[PDB]
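Residue numbers (the entry's author numbering), protein chains in the order written: chain B, 1 to 220; chain D, 1 to 224; chain A, 316 to 511; chain C, 1 to 215; chain E, 1 to 214.
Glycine residues also receive a C-beta, built at the ideal position from the N, C-alpha and C atoms.
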Amino acid sequence: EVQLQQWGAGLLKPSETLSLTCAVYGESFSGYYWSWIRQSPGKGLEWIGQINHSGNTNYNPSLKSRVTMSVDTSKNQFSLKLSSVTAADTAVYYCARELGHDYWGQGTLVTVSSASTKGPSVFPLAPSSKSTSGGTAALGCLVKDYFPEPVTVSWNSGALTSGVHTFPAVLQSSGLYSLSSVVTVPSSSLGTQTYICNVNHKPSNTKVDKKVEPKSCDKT
Amino acid sequence: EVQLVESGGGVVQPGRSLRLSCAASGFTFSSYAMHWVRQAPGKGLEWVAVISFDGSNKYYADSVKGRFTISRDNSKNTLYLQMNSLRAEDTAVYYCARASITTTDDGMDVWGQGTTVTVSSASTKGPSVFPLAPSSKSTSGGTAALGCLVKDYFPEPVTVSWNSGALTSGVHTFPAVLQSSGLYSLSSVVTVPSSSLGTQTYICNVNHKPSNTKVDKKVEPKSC
Amino acid sequence: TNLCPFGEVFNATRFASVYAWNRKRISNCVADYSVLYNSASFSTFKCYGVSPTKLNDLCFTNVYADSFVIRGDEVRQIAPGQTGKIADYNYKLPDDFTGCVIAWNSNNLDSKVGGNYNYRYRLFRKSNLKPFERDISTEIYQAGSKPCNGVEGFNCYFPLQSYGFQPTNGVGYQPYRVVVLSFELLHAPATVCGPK
Amino acid sequence: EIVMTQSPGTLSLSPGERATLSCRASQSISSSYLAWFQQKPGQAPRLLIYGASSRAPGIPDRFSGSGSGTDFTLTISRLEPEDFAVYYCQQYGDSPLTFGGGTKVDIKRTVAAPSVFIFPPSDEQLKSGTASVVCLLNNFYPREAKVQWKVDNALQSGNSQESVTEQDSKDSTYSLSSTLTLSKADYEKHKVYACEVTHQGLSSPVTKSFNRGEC
Amino acid sequence: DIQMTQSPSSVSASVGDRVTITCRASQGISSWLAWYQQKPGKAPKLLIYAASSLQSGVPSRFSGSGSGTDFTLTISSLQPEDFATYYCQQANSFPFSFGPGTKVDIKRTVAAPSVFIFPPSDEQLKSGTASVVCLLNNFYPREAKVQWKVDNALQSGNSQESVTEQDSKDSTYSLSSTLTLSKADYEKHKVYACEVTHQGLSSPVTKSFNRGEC
Numbered sequence: 001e002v003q004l005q006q007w008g009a010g011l012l013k014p015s016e017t018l019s020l021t022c023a024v025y026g027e028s029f030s031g032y033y034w035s036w037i038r039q040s041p042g043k044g045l046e047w048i049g050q051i052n053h054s055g056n057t058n059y060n061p062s063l064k065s066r067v068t069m070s071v072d073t074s075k076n077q078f079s080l081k082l083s084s085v086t087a088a089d090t091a092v093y094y095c096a097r098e099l100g101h102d103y104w105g106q107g108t109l110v111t112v113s114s115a116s117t118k119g120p121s122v123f124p125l126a127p128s129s130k131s132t133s134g135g136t137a138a139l140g141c142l143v144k145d146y147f148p149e150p151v152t153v154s155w156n157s158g159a160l161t162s163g164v165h166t167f168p169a170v171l172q173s174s175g176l177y178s179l180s181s182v183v184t185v186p187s188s189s190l191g192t193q194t195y196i197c198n199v200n201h202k203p204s205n206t207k208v209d210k211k212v213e214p215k216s217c218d219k220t
Numbered sequence: 001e002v003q004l005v006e007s008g009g010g011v012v013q014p015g016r017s018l019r020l021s022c023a024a025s026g027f028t029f030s031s032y033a034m035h036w037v038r039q040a041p042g043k044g045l046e047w048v049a050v051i052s053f054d055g056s057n058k059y060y061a062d063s064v065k066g067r068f069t070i071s072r073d074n075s076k077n078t079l080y081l082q083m084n085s086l087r088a089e090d091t092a093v094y095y096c097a098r099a100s101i102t103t104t105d106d107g108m109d110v111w112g113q114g115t116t117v118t119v120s121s122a123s124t125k126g127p128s129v130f131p132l133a134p135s136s137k138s139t140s141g142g143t144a145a146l147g148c149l150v151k152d153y154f155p156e157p158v159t160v161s162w163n164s165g166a167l168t169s170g171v172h173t174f175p176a177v178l179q180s181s182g183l184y185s186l187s188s189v190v191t192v193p194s195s196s197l198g199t200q201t202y203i204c205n206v207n208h209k210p211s212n213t214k215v216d217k218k219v220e221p222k223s224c
Numbered sequence: 316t317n318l319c320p321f322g323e324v325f326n327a328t329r330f331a332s333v334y335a336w337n338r339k340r341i342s343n344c345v346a347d348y349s350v351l352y353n354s355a356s357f358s359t360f361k362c363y364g365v366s367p368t369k370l371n372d373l374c375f376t377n378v379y380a381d382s383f384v385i386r387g388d389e390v391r392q393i394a395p396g397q398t399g400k401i402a403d404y405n406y407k408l409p410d411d412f413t414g415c416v417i418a419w420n421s422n423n424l425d426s427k428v429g430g431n432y433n434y435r436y437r438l439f440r441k442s443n444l445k446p447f448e449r450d451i452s453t454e455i456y457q458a459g460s461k462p463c464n465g466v467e468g469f470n471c472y473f474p475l476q477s478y479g480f481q482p483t484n485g486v487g488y489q490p491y492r493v494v495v496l497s498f499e500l501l502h503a504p505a506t507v508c509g510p511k
Numbered sequence: 001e002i003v004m005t006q007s008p009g010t011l012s013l014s015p016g017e018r019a020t021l022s023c024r025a026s027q028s029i030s031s032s033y034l035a036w037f038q039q040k041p042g043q044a045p046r047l048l049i050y051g052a053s054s055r056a057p058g059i060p061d062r063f064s065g066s067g068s069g070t071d072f073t074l075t076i077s078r079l080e081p082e083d084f085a086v087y088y089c090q091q092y093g094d095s096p097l098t099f100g101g102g103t104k105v106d107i108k109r110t111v112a113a114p115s116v117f118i119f120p121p122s123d124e125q126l127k128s129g130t131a132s133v134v135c136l137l138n139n140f141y142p143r144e145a146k147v148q149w150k151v152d153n154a155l156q157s158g159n160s161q162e163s164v165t166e167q168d169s170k171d172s173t174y175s176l177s178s179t180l181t182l183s184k185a186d187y188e189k190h191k192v193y194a195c196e197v198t199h200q201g202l203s204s205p206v207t208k209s210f211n212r213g214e215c
Numbered sequence: 001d002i003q004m005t006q007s008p009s010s011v012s013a014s015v016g017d018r019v020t021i022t023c024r025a026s027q028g029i030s031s032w033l034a035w036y037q038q039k040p041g042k043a044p045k046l047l048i049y050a051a052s053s054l055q056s057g058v059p060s061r062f063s064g065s066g067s068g069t070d071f072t073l074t075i076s077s078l079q080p081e082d083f084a085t086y087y088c089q090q091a092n093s094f095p096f097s098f099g100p101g102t103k104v105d106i107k108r109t110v111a112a113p114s115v116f117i118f119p120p121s122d123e124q125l126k127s128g129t130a131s132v133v134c135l136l137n138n139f140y141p142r143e144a145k146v147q148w149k150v151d152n153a154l155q156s157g158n159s160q161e162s163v164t165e166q167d168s169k170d171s172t173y174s175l176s177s178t179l180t181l182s183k184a185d186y187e188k189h190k191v192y193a194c195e196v197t198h199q200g201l202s203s204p205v206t207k208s209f210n211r212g213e214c
């Protein structure tokens, strides 16, 4: 058996450099080729290169210019450096043994964005008398303009898990992220039972407890 | 089905030129390479030329260099061989051959029935027939050998039949021979019971197409 | 008089595989190079160190002609300071070498219907080759925590793999014949020389 | 680069059925050097088939492979819940390597008409300087569905973004959220907004409408 | 130009017998030798390529081996559809080359030629020539000589020989030797004789004709 531990920088900025390290524990570090593989939604599994215990590297012609490798036999580690990164190099990077048929790593998610920390803004998407579904109504909350991922969402301090479909994020033109969380409940508990959309972003130490009520039309 | 058919076979005099053409059917002509290979009368196979699947690489032997020119046309699926400065050392039977690979890393696998090529300045001529009657010296256990002889004819082929295609119990018609005169000759003999000579008639019937010639000649004892 | 044999090397019939490149020595000759770079068949006529038109005036000790066959997209690897299969696990040129590299298409001779599996290349090797080396060993490439004992199986593969040359392969996956002329000079007299 | 192409780009089956995925190469491949990889959510890939016909250790006998040249085929006789995942094809006969795009294997079930809802924005997002209207589609199968945003009987484009949920674990349905962004000026100058949904299970497009300042 | 020789010049065999045919070159062709088979009045039929492989649709009784400058083809159990002529072909370099050929005859008991003679008839002289003939029919093997002697003196340079084939009734042959001359040089001598030379022949058999011997 063999074990491979990954580490490296996550968030990054364009024109910068992405460095990653994989360490091997469980067998010999000499005699094999250790490879780096990449996975992005749209380009599928991609191969970057492989290095030996003596600095011998086989690269991919599509990245031979930007890719660089290193190997340290003392600590039994290998490392990748990818230069002039962009938002296209945002992906999951794996370290594997030669022809990964045998053993792979676990995955290091590297993200690239020129933005900086920010906290989410929460907006309640409430129901109305027209959202009736045979005695059932939907509602929820919209999280907008936050960075980086992820964001934790819950309801009634976590006292609700049915009908709660939380959706993935969306990279808007502002470099920030957005998502929406929802819930579906009988119309016999809208005006009586309370609903709250708790949001939590750790990189900003933001904990929001936003209430939600039907949009009571104030007659003026 | 795979099928190669050659054409361009006929008499021709020295010095002049000719063009043979092979037509293919049943496979992608524009990928296979093609070979021209001859066989002389009474001798073995001989290599003539090869051409690739595009026409840019051609190779010939050391006896047809300059005189012969091989080519092809993938449009009509045709393979051409232009012979120039023909000689009498080229009368032969020509075959087209397919090859999956130039240099024949795997060998030829498709051939044509072949087309004949005669090269002689002579002109068509009906045959001359002569009977080879039996002889007292050819008497052995009551067996008499007789026959006919065709000589000084041109071109090939000839057809012969003893007793209107009936007697086929020993007929040993031999092949042709190219004398120095330039024409051809061949004998046709047969054995008979020596007691049925002056009772039964034996007549050789000869037919030659290039001249529409039809002859019948009887063989009788050489009376004294 | 006594020209050099540049017809048994260039205008030959069957070349060798790049993992068994054919080397030939040339000495005591009057090698005339002008006939080479005065042609259009040679799609690639690079020359490192020397200049092409200045080749019929020098006088080297001996010349080494290495002939073989490769893909069309692998010709950029025949040069000093390159990387890939050909340059690492096969024919490797040193850094700052003196000589010339010629290459031209051979889709006529080295193309077959159904694939020419006679031309092979080394794909796996536990290390890189030193310059001007030849590894014809058909041993088994081990890539797992399990010995191969000379039996192909899981993670134990065969290094030599075949080019699938066909006549329909368009441009880059078409056969290209390559000849590398290394002009090796020494402290001994210059047997080779250009015409006059 | 030996480009590979997986066919189809998605499937829909049920436990007990049989699955067949195909990988087509741009050019003929070496002897039989093509491998089949499995990948599930979060985990890293795993090898099942090597040589296009061999079954690696720890691989149940239901995974089989076949093919040659530019056509290879993976087959799964008796599916199981652990088998619904992404599958890739790999070639280790020519350098560099080359993976496919993938062929997901989703669970199947009866068609389900989406439940559609439209949301009017809140004053807070307006005082922030923007507006975003939301269209929620719930509990619908299959995933093939289309959504259009109409502004007072007028189509839109280039500003509607949709996000899809994953196959549920109980009913195996899907959830979708479309969002249409509009500056508060453009949101106030118009009057009405409609979400038109088209789905296989729908007898006809469903148009949910709402006006500004409606109540 | 590589020259490809074969051996033996000919072979006599029987059904079920094991036949071997050798091929030699002058230079070294690694393994680029193919074997073709030709029958009288047909076209060749590829059998072996690479000197060891085999073409589809070819029985297994055909085998090939060798390398370098020596190759061999083998027929384990002959059959009636294998008596033919076998050619070799090299493919190491241009120009290519075939072999002279190696025939495969049929075996039987050594027969004896029923020798006969035929003199020039009248019409042959009426035209102005003369064609005498001697004949050796129903014999085996194919090796045999026909000597011509005019006036009891050997005469050559004006004779022709023709043989048909291995007959299909019982493995027999037939040869005709023709002596062609001018009426003038013919009417100068009297005794014209043809003598036979064969293996099964107990002793040579000379048969002659005197000019005017009716």
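Asked: Under 7 Å, Cβ to Cβ, is there at least one residue of chain H near E/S52?; Found: Here chain H cannot be found, since the structure's protein chains are B, D, A, C and E.
Asked: Check the Cβ of A/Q489 against every Cβ in chain C and list those closer than 7 Å, keeping chain order.; Found: Those within 7 Å of A/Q489 in chain C number zero; the least Cβ separation is about 11 Å.
Asked: Drop a sphere of 10 angstroms on the beta-carbon of E/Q37, count the other beta-carbons inside from all chains shown, and report buried for 16 or more, exposed for fewer.; Found: buried
Asked: I'd like the list of long-range same chain contacts for D/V219, defined as Cβ closer than 6 Å, with 5 residues on each side in sequence excluded.; Found: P131, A133, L146 and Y202
Asked: Please identify the residue among A/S442, A/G414, A/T453 and A/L370 whose C-alpha is closest to the C-alpha of A/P474.; Found: A/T453
Asked: Pull up the CB-CB distance for D/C204 and D/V160, whole angstroms please, since I reckon it's below 8 Å.; Found: 6 Å
Asked: May I have the straight-line CA-CA distance separating residue 241 of chain D from E/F71, to the nearest angstrom?; Found: No information on residue 241 of chain D is available, as it lies outside the stretch 1 to 224 that chain D covers here.
Asked: For A/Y404, which of helix, strand or coil comes out of DSSP?; Found: helix
Asked: The region 38-61 of chain C: which residues have C-beta closer than 8 Å to a C-beta of chain A, in chain order?; Found: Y50, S54, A56 and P57
Asked: Quick check: the Cα distance between E/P40 and D/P175, rounded to an integer number of angstroms?; Found: 13 Å
Asked: Contact criterion: CB-CB distance below 7 Å. Does residue 258 of chain C meet it with respect to chain B?; Found: Past the edges of chain C, shown from 1 to 215, lies residue 258 of chain C, and the structure says nothing about it.
Asked: Specify the secondary structure class of E/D185 as computed by DSSP and reduced to three states.; Found: helix
Asked: Report the neighbours of E/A91 on chain D: residues whose CB is nearer than 8 Å to its CB, in chain order.; Found: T103, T104, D105 and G107
Asked: Using 8 Å for Cβ pairs, my map puts B/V199 next to B/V151. What's the rounded Cβ distance?; Found: 6 Å
Asked: With a threshold of 7 Å between beta-carbons, can D/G42 be considered close to chain E, or not?; Found: no
Asked: Note down, in chain order, every chain D residue with its Cβ under 8 Å from the Cβ of A/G429.; Found: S100
Asked: Are at least three pairs of beta-carbons, each pair with one atom in the region 119-127 of chain E and one in the region 99-109 of chain E, less than 8 Å apart?; Found: no
Asked: Indicate whether at least one CB of chain D lies closer than 7 Å to the CB of A/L424.; Found: yes
Asked: When you compare only the Cα positions, how much space is there between B/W155 and C/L21?; Found: 41 Å
Asked: If the cut-off is 8 Å on Cβ atoms, which residues from the region 11-44 of chain B count as contacting chain C, listed in chain order?; Found: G44
Asked: If the cut is a Cβ gap below 7 Å, which residues of chain D does E/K183 touch?; Found: Simply none; closest approach about 14 Å.
Asked: Where does A/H502 land, buried or exposed, given buried means 16+ other C-beta within 10 angstroms?; Found: exposed
Asked: Decide yes or no for the touch test of the region 88-107 of chain D against the region 86-98 of chain E: beta carbon pairs closer than 8 Å, at least 3 of them.; Found: yes
Asked: Who does B/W36 pair with in a DSSP beta bridge?; Found: B/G49 and B/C95
Asked: For the region 173-187 of chain C and the region 175-193 of chain B, state whether three or more C-beta atom pairs, one from each stretch, are separated by less than 8 Å.; Found: yes
Asked: Just how far apart, CA to CA, sit C/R55 and B/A138?; Found: 49 Å
Asked: For B/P127, which three-state DSSP category applies?; Found: coil
Asked: Going straight from the alpha carbon of C/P121 to that of C/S163, what length do you get?; Found: 18 Å
Asked: Mind listing which residues of the region 44-58 of chain D have their C-beta closer than 8 Å to chain A's C-betas, in chain order?; Found: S52, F53, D54, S56 and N57
Asked: What residues from the region 89-119 of chain E come within 9 Å of chain A, judged by C-beta to C-beta, listed N to C?; Found: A91, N92, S93 and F94
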